[PDB]
Structure formats: structure tokens, C-alpha cells
Amino acid sequence: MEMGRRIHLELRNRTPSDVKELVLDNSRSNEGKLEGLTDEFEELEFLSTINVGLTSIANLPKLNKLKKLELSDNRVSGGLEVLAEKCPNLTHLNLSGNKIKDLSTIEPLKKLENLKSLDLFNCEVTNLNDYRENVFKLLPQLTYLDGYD
Numbered sequence: 001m002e003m004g005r006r007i008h009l010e011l012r013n014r015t016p017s018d019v020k021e022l023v024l025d026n027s028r029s030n031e032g033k034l035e036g037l038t039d040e041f042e043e044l045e046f047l048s049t050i051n052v053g054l055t056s057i058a059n060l061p062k063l064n065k066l067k068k069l070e071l072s073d074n075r076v077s078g079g080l081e082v083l084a085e086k087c088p089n090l091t092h093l094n095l096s097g098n099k100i101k102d103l104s105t106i107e108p109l110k111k112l113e114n115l116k117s118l119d120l121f122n123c124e125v126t127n128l129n130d131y132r133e134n135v136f137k138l139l140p141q142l143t144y145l146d147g148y149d
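FYI, in the UniProt record's numbering the residues of the sequence shown are 1 to 149.
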């Protein structure tokens, strides 16, 4: 079912600005794009879009209260600089099962000052010699990587 329709269903007649948790798992994104998420969601703290066939987070709205973003099992491969712009207060980010292939693509996450926990299970970047050493070097503000530390 389409992501915009799914958001409407999940909202259960609440105004967007009253919602703190939004789970859109398994819905169908707009040809790899987020659809129906606006900056009306001003109290939103937890957003889950697992397995929606995402290709891009480029049209993420301003979500100032967002703390946890679940993007597991999609095909996002970059444009992560959007996160420091649109959700600066993010503390938990899950990018497991995405097309995160190298260190330069997660480099934009260093501007996420409150990022505490990052998951990258089953991403190609995981195959790196000294993977954890490199990621902690790159993002010195992180405490937890892939569940550990």
C-alpha cells in the first residue's frame, strides 16, 4: 500500500502535529521517494520506514523533534547530508541493509552533533579492514555502532 495512504491510515484521524511515533514499514514509497511527510509533523520523535523501497531521503521535511530514524532494508546510497539539515537532533539512526558502500558516504553524519547510535548491519562498508576503528574516527560523537560499545 502506498506510503501517503499509509500515513493517513496510521494517523487515525489525528492532526500531524500531535503525533510522536510513525511506523510506515512495508508501505510503498513514491518511486523510491518519501511521500506525504511534511513539516506539519512537529512533535514527531520516532519515524520508521523499513522496507519501503527507498532510494533517496532528499525530500525529508523539517523534523526538529525527531530522535530516532529507522531506514532499515532499503536502497539508500547517499545524500546523508540532508539529515543534519532536516533532523539535527537525531540520536539513533538505523541504516542496516542499505547501499552504504564506503566511509565518504557516511561522512556527512559528522554534522549530526547528537548522534549517539548508528547501525549499518549488512551494508558493504561493513566489509572494511578496521571498520569500527574507522567509523569511530570519522564520527567521534557516536557511542554505539551496530549495537556495541
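Ideal placement from N, C-alpha and C gives every residue a C-beta, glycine not left out.
Check	Outcome
Inter-residue CB distance, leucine 24 and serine 48 (contact presumed, cutoff 8 Å)	6 Å
Own chain, CB closer than 7 Å to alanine 84, minus 5 neighbours either side, in chain order	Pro108, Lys111 and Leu112
Straight-line Cα distance separating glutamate 124 from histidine 8	35 Å
Residues bridged to residue 150 [DSSP beta-bridge criterion]	No statement about residue 150 is possible, as the shown extent of the chain runs from 1 to 149 and does not include it.
Same chain, Cβ closer than 8 Å to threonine 38, neighbours up to 5 away in sequence not counted	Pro16 and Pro61
Three-state secondary structure (DSSP) of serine 48	strand
Bounding residues of the beta strand (DSSP E) (the contiguous stretch that carries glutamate 21)	21-23
Proximity of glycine 97 and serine 72 at Cβ, strictly below 7 Å	yes
Terminal residues of the alpha helix (DSSP H) in which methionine 3 lies	3-11
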